[PDB]
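Written out below as structure tokens is the structure these notes cover.
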Amino acid sequence: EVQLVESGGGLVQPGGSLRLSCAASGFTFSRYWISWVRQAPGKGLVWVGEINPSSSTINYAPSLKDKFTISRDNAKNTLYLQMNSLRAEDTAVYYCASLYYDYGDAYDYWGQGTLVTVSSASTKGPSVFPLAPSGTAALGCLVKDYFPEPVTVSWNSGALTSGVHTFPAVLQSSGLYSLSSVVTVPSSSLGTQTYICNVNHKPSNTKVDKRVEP
Amino acid sequence: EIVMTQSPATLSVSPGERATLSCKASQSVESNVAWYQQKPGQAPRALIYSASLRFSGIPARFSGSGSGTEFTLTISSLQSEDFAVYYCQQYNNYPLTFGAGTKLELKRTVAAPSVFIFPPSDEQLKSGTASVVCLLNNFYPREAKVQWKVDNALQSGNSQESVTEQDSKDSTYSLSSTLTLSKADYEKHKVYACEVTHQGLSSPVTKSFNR
Amino acid sequence: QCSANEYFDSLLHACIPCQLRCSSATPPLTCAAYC
Ligand SMILES: [Cu+2]
Ligand SMILES: [Cu+2]
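Chains as they are written, first to last, in this note's numbering: chain E, 4 to 217; chain V, 948 to 1158; chain R, 9 to 43.
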């Protein structure tokens, strides 16, 4: 299995710096080009820059000339991205990738991407609130007021997935995010079953298990 | 830079049928266009690298063509796993520029929504905020209305809504409309309705509650 | 530096055979001799 695990990257106010690592394992990293590509939330892809194997030709993006610096360490089979003086427009999911043409076939491998959030707002955990259960019933779980992203939501530690729907986050006028997670359950399954929505927020390092009942 | 104009922005078609995307280039990039596929949550997946040449492991149903300033990816026979976002990219001139991105959706039989409305929890009232949620689960297409009426007062500008992507099984959407209000304003009105109008509903279904 | 039967693709940074383009639509300007 080829891999491009990406570490580093998280939250940082404007003007700050942040280095990213893209470790490879499974193919000759030292004989191919490897590039960077960011994707702002809900937007398209953006070519940051690329670098050749011997680091003798580094091509950046004009609009990001001074912000980013690219380098690689073949000894560790890992690519680097040294970001300097970022802004809110520089918030995106940074993917690394490598394309080549060996064995007579063209290949391409990507990392899982890492989110970089550039904003002056302070980290805050979610404020969970239940939704009153209204021949099918429905209850939910309001995850309101939290920064930065993301926030994960499951039901019964993952023992309930039929009909569960977690809606995307939406930034409120207060700069904070808010989403809801609902589920469809039989109407008569209320006075017999127990429903819990456990919300996790790695940024704030919080963890809320809230019980929903009428 | 070289702007890649990729239309249509969204395309709805059923599996087994055909799909042809378009990507116009601001200026002649010759035969140096690629094609990628990206699904919600994963990284991009390349498919074409010389406007027709395919990557390895890419089925033959993906057929790219075009040169100069107009390129088209054709997905001859569609499949469930082929419904996602598709970008176009040029690399004839630096920097490499992508396209806006078309998104394929699965055209299925119409389905009316199951409307629900959740009054704000007593836990949230102590906070001083009010969030009246209204759920519209299981409906196709995604084009559905969800108004609010506090005492027959059609609200406006104070209610956002997000949506889930097509479900893996029934390929049906789910919508949530959140009416944000003040605690003081929430307790000076009694009716909080959610009027839903969708193609699958002959008449606008409505459901409300009393504080 | 590619042979007389290959062109250079800047996306893959490698010489691609012309045969894949000769017998397929209009090949690049450099492969017109190999077809
Ligand atoms: Cu559902
Ligand atoms: Cu009022």
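Just so it is clear, CB atoms sit at the ideal spot from N, CA and C, and this is done for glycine as well.
>> Do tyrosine 996 (chain V) and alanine 981 (chain V) count as a contact pair if the criterion is CB distance below 8 Å?
In response: yes
> On the three-state DSSP scale, how would you describe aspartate 17 (chain R)?
Replying inline: strand
> Residues in the segment 991-1025 of chain V with C-beta within 7 Å of chain R's C-beta atoms, listed in sequence order?
Replying inline: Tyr996, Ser997, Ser999, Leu1000, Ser1012, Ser1014
> With a cut-off of 8 Å, do at least 3 Cβ pairs link the segment 1048-1063 of chain V to the segment 1095-1104 of chain V?
Replying inline: no
>> Below 7 Å on C-beta distance, what does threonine 34 (chain R) contact in chain V?
In response: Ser1014
> Heavy atom of ligand 2 less than 7 Å from the Cβ of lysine 205 (chain E), yes or no?
Replying inline: no
>> Please give me, in chain order, every unbroken run of the beta strand (DSSP E) with length at least 3 that falls completely inside the segment 981-1046 of chain V.
In response: 992-995, 1009-1014, 1017-1022, 1032-1037
>> Report the start-end ranges of each beta strand (DSSP E) in the segment 105-144 of chain E that is 3 residues or longer and not cut off at the edges.
In response: 108-113, 117-121, 130-134
>> Restricting to Cα atoms, I'd like to know which of E:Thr72, E:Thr155, E:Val188 is closest to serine 20 (chain E).
In response: E:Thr72
>> For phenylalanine 1156 (chain V), list the residues DSSP reports as bridge partners.
In response: DSSP output for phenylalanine 1156 (chain V) lists no bridge partner at all.
> Hey, how far is the Cα of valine 15 (chain E) from the Cα of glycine 178 (chain E)?
Replying inline: 16 Å
> Would a C-beta distance cut-off of 8 Å place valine 186 (chain E) and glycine 161 (chain E) closer than the cut-off?
Replying inline: no
> Roughly how far, in whole angstroms, is the beta-carbon of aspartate 105 (chain E) from the beta-carbon of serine 130 (chain E), given that I think they are within contact range, below 8 Å?
Replying inline: The pair is not a contact, with the Cβ atoms about 53 Å apart (cut-off 8 Å).
>> Give me the DSSP bridge partner(s) of residue 1159 (chain V).
In response: No statement about residue 1159 (chain V) is possible, as the shown extent of chain V runs from 948 to 1158 and does not include it.
> Are the segment 188-203 of chain E and the segment 952-966 of chain V touching, with three or more C-beta to C-beta distances below 8 Å?
Replying inline: no
> From E:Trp39, E:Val8, E:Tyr98, E:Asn159, pick the residue whose C-alpha is nearest to that of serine 28 (chain E); which is it?
Replying inline: E:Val8
> Can you list the residues of chain E that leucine 19 (chain R) reaches, using a CB-CB cut of under 8 Å?
Replying inline: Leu102
> How would you list, in chain order, the residues of chain R whose beta-carbon sits under 7 Å from the beta-carbon of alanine 981 (chain V)?
Replying inline: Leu19
> Ordered along the chain, which non-local residues of its own chain (more than five positions away) have a Cβ less than 6 Å from that of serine 10 (chain E)?
Replying inline: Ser24
>> Just to check my reading of the structure: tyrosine 97 (chain E) and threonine 117 (chain E) have Cβ atoms closer than 8 Å, yes? What is that Cβ distance to the nearest angstrom?
In response: 6 Å
>> I'd like to know whether the C-beta of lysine 79 (chain E) is nearer than 8 Å to at least one C-beta of chain V.
In response: no
> Rounded to a whole number of angstroms, what is the C-alpha to C-alpha distance between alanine 109 (chain E) and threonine 120 (chain E)?
Replying inline: 33 Å
> How many Å lie between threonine 139 (chain E) and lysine 1154 (chain V) at the Cα?
Replying inline: 15 Å
> CA-CA distance, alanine 91 (chain E) and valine 40 (chain E)?
Replying inline: 17 Å
> What residue range is occupied by the uninterrupted alpha helix (DSSP H) comprising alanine 1131 (chain V)?
Replying inline: 1130-1133
> Which of the three DSSP states, helix, strand or coil, is assigned to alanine 64 (chain E)?
Replying inline: coil
>> Pop quiz: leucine 1126 (chain V) and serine 1106 (chain V) are said to be a contact at Cβ under 8 Å. What is the actual Cβ separation, rounded to whole angstroms?
In response: 4 Å
> In chain R, which residues lie with their C-beta within 7 Å of the C-beta of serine 978 (chain V)?
Replying inline: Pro36
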